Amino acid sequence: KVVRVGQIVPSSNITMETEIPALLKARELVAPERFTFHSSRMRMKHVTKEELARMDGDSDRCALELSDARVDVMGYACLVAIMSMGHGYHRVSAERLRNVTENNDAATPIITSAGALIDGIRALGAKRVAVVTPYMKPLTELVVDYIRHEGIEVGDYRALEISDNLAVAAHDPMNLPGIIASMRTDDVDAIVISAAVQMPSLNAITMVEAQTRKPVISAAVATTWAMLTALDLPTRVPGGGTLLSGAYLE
């Protein structure tokens, strides 16, 4: 049984195409489904409001491109691009993209990273969250405010202020445990190790869970959780942290 996964990714993004396949490859050790990966790109090189807004404009084209392949699920990878567009935009985006696929004769469940993160946090039953991002400070503020608007408290948060998206990919994930250690996490229900999909975090997730004893999620992890759930499949993925423990089928 083969599942075709479609990914709408920023052109300069390399991490979504690394971590989502890594996770699902691990899942193949544990469950019979096999996965193939199919991408469409929307141009962005620098994570600024202007580039984000322009990139999102290519959204429809990308969904047309991937529904031409009759992909079984489609994930819009960039969390901040969705949240940058204003409150509740993750719903707008998902519904519009679904319509685009439906009118291309291949209705597909649509996941956005932004929506997946919110849904994953709710599935965990987490009420308060700590958040690490790689974004410039204003963008990070928007994200935190978006999460708060969705009824999820935000405690400590950190912004690495790296706008060059290729430089974001170059950030050492082994720095992340020390960053999280220097944040308050005792008053938090879950830790968002990366709100961004470009910043690698997968290889630090289990370490951080061990160190903090809190559930750790990332935009990438939440997205795969949401894709799996949208396909009515078990969500147990080795190395994917608490959300992918197998205990959560929300």
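When you see a residue number, it is the position in the sequence shown, counting from 1.
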{"item": "Comparing 72-80 with 121-129, the one whose average Cα B-factor in the PDB entry is higher", "value": "121-129"}
{"item": "Given 106-114 and 175-183, the range whose Cα B-factors average higher in the PDB entry", "value": "175-183"}
{"item": "Highest recorded Cα temperature factor - choice among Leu202, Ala26, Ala195, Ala210", "value": "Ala210"}
{"item": "B-factor third for the C-alpha atom of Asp56 within its chain", "value": "middle"}
{"item": "CA B-factor placement of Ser39, once the chain's modelled residues are sorted into thirds", "value": "lowest"}
{"item": "CA B-factor placement of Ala226, once the chain's modelled residues are sorted into thirds", "value": "lowest"}
{"item": "Chain-wide C-alpha B factor ranking for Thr206, given as lowest, middle or highest third", "value": "middle"}
{"item": "Modelled-residue ranking by C-alpha temperature factor, third containing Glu65", "value": "lowest"}
